[PDB]
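Student: need a 3D model of the sequence below.
(one chain, ligands or ions: 5)
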Amino acid sequence: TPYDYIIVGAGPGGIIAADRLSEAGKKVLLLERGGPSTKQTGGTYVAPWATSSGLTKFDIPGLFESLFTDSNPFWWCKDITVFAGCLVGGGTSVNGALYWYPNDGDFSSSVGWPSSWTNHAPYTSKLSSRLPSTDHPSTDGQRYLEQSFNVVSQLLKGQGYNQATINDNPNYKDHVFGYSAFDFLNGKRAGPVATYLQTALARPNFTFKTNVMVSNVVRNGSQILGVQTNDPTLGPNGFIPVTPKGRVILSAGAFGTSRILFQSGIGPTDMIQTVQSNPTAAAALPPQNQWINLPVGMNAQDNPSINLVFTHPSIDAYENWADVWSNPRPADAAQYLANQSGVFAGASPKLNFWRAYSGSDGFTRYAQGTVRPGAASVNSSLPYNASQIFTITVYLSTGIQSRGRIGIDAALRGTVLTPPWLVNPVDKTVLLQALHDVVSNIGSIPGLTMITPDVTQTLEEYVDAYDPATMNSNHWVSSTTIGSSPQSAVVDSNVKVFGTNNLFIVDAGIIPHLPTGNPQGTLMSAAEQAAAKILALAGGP
Ligand SMILES: Cc1cc2c(nc3c(=O)[nH]c(=O)nc-3n2C[C@H](O)[C@H](O)[C@H](O)COP(=O)(O)OP(=O)(O)OC[C@H]2O[C@@H](n3cnc4c(N)ncnc43)[C@H](O)[C@@H]2O)c(O)c1C
Ligand SMILES: O=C1N[C@H](CO)[C@@H](O[C@@H]2O[C@H](CO)[C@@H](O)[C@H](O)[C@H]2O)[C@H](O)[C@H]1O
Ligand SMILES: *[C@@H]1O[C@H](CO)[C@@H](O)[C@H](O)[C@H]1NC(C)=O
Ligand SMILES: *[C@@H]1O[C@H](CO)[C@@H](O)[C@H](O)[C@H]1NC(C)=O
Ligand SMILES: *[C@@H]1O[C@H](CO)[C@@H](O)[C@H](O)[C@H]1NC(C)=O
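Tutor: Numbers count the residues shown, from 1 in each chain. Ligands and ions are numbered 1, 2, ... in the order given. The protein structure is shown below:
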């Protein structure tokens, strides 16, 4: 059975592409290597307390932190060394869900977008019609567990910040703070799974298959003939063809897509040779003379981040989220079960803030804070009251110059070959300035104490002793960046892979630089735009 589009990976990129292309009347197959996530996808991983609702760990926002503390987390991709979601929805089924509409600079030709992409408004608007921002996700309109917001707002107001409803004016971020915004609906996780996927699934020309892994595309030189999967019931020895004018879209995530390309003889020679080292994978490669040399996995960017941990007597650390699955506070559980209001209708973040920093190298960089009750890690030589802890996670985003590298190892695992954090010295300088500014007026808030790093350790000492791996912000972008030439990019303005007739990419890898805030809003706007460019590209099905 041939398809006009075969879309690999049911993450945000893939699902949006699948919806839009299927909406246009094209015969579309979406493939996903993992299984069900939320209730409506057939998921059954439900907390004891939540049983009657059928709402799973992925459905309930307040269960977010428990995605990291489960004894048996089947949702993480098992062959990637850093967090990636491998289930229906990808990262959007397991993420914090912080949702910021992209601003103009996020789509600027100055950060590497082609000119033809800079007018993101029509696409961003269109995104907002499917996934409206909310900073009060509880179905009663009220906000809950806000003590950390209240504390840090006072800190920030002393630093000259102003509060805003963040998504009302995306272009205005400097010295702004506000309640955390999410793409939730009816007090539950929503995202593309609850929207774009549902309108797709209603169409006779859309087919969705889960538990199917794509190893590689099959190609005759520049012409992609289809995909190779591990499911022999879908075609000869698992091969699924495209129609004659058909196209393959890769949306398997920064590590997923890069791996599929390497396994298809597309990417840096060192990576393809790594594939060739596995005799089985070697047999599926094109001959070496047809290998396409592109910077796949190069230019990898992720936010540097540093966690700062504090106590304040007004804080409610919510048992450090340790009990939300097996033994939640009865009133909170009851309230959520009844109508999906209360604590459980939001994830852990409560406050977000941003600040612009001039760069000695000419690049203006943005710092971002994400404030939540509780803390993953505490290193204090002094006693502290664990019921009073909260975290300020400080990131750099817009403007940073650091780049790393992702790829595969000899076992064909997606891995960080070169850590992308603080490669550029001016990025580190600005990060330390950003940290110093956050805590500059800590003494002006009575009872506010920084417990990691404690009083014995300076911010400079802390950053230098910090495990780089722990700086991972799960915001991988640019590993198959959009651009103008195969000398520095992997896809062109129509998100087509250089050197191919009909291979495309719609996932975070195409984004040329981190956006100002957490990236899923930027990605989803980009996916809308990508789908339009693909439909408008002549010679398609
Ligand atoms: C991992 C993670 C990510 C977070 C998180 N938090 C936020 C947040 O709060 N807000 C935000 O903006 N971004 C957040 N991010 C980032 C955001 O979720 C990601 O940037 C975003 O989901 C990336 O979308 P992509 O389309 O590039 O890729 P995904 O990994 O989401 O999806 C790929 C999918 O394809 C699949 N797939 C992969 N390889 C495949 C193969 N070979 N065959 C078939 N399917 C495959 C997957 O199983 C998966 O479903 C976070 O808490 C975690 C733990
Ligand atoms: O965009 C994001 N948003 C979410 C929400 O801010 C972050 O969640 C954090 O993710 C960390 C893991 O990366 C956890 O250890 C930590 O407890 C958790 O709060 C996540 O790291 C980040 O990628
Ligand atoms: C590759 O495709 C070209 C052009 O369609 C064709 O001439 C050739 O026979 C194909 N090669 C193989 C091995 O099928
Ligand atoms: C810990 O902090 C909480 C909230 O401030 C307070 O209720 C509790 O009594 C504190 N415990 C101790 C040891 O004082
Ligand atoms: C943990 O804190 C101690 C002081 O309490 C400090 O000397 C040590 O370096 C810290 N560890 C790290 C890795 O930052």
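Student: how about the residues of the chain that lie near ligand 2?
Tutor: 65, 68, 96, 98, 348-349, 370, 372, 376, 473-475, 518 (C-beta under 6 Å from any ligand atom). To be clear about C-beta, it is placed using only N, CA and C from the backbone, and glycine gets the same treatment.
Student: in the chain, which strand has the most residues?
Tutor: Counting by DSSP state E, the longest strand found in the chain is strand 239-250.
Student: list only buried entries from the residues of the chain next to ligand 2.
Tutor: Taking 16 or more other C-beta atoms under 10 Å as the criterion, what is buried in those is 65, 96, 98, 348, 349, 370, 372, 473, 474, 475, 518.
Student: check contacts around the closest residue to the third one other than its chain neighbours.
Tutor: Right, the one you point to is residue 98. In space, residue 98 comes closest to residue 518 once its chain neighbours are excluded; the distance is 4.2 Å by C-beta to C-beta, 6 or more residues apart in numbering. Residues in contact with residue 518 (C-beta atoms under 8 Å, 6 or more residues apart in numbering) are 96, 98, 99, 100, 368, 370, 475.
Student: these: which ones sit near ligand 5?
Tutor: Among these, no residue sits close to ligand 5 (C-beta under 6 Å from any ligand atom).
Student: sorry, back to before: which of the buried ones among the residues of the chain next to ligand 2 sit farthest apart?
Tutor: Based on C-beta to C-beta, the longest span within these runs between 65 and 475 and measures 18.3 Å.
Student: do stretch 483-493 and ligand 1 meet?
Tutor: No: using C-beta under 6 Å from any ligand atom, stretch 483-493 stays clear of ligand 1, with a minimum separation of 13.2 Å.
Student: need the residues that contact that stretch.
Tutor: 112, 114, 116-117, 261, 293-296, 299, 480-482, 497-499, 504-505, 509-510, 512, 533.
Student: 7 Å - rerun?
Tutor: With contact meaning C-beta atoms under 7 Å, 6 or more residues apart in numbering, stretch 483-493 is reached by 112, 114, 116-117, 294-296, 480-482, 497-499, 505, 510, 512, 533.
Student: buried ones among these?
Tutor: When the contacts of stretch 483-493 are checked against 16+ other C-beta under 10 Å, the ones flagged as buried are 112, 114, 117, 294-296, 480-482, 497-499, 505, 510, 512, 533.
Student: where does the stretch 101-250 of the chain get nearest to ligand 1, which residue?
Tutor: residue 214 (3.9 Å; C-beta to the nearest ligand atom).
Student: just give me the neighbour total for that residue.
Tutor: Neighbours of residue 214 under the rule other C-beta atoms under 10 Å: 27.
Student: show me what it is bridged to.
Tutor: With DSSP bridges applied, residue 214 shows beta-bridge pairing to residue 229.
Student: need the contact list for it.
Tutor: Neighbours of residue 214 in contact, by C-beta under 7 Å, 6+ apart: 8, 31, 227, 228, 229, 260.
Student: let's see that with 10 Å instead.
Tutor: Residue 214 is in contact with 6, 8-9, 31-33, 227-231, 238, 240, 248, 250, 252, 256-257, 259-260, 263-264, counting by C-beta atoms under 10 Å, 6 or more residues apart in numbering.
Student: before we move on, what about residue 50?
Tutor: Here residue 50 is in contact with 39, 56, 57, 59, 60, 63, 325, 328, 333, 336, 337, 344 (C-beta under 10 Å, 6+ apart).
Student: any idea how far the second one lies from residue 45?
Tutor: Same thing as residue 56. According to C-beta to C-beta, to the nearest Å, residue 56 stands 5 Å off from residue 45.
Student: the two - which one has more neighbours?
Tutor: Under the criterion of other C-beta under 10 Å, the comparison of residue 56 against residue 45 puts residue 56 first, with 24 against 19.
Student: so what's the residue count around residue 194?
Tutor: When neighbours are defined as other C-beta under 10 Å, residue 194 has 22 of them.
Student: if we ignore the residues flanking it in sequence, what's nearest residue 284?
Tutor: residue 216 (5.5 Å).
Student: pretty sure that neighbour contacts residue 278?
Tutor: No: contact between residue 216 and residue 278 fails when scored by C-beta atoms under 10 Å: they sit 11.8 Å apart.
Student: shared neighbours, those two?
Tutor: By C-beta under 10 Å, 6+ apart, the residues touching both residue 216 and residue 278 are 263, 284, 285.
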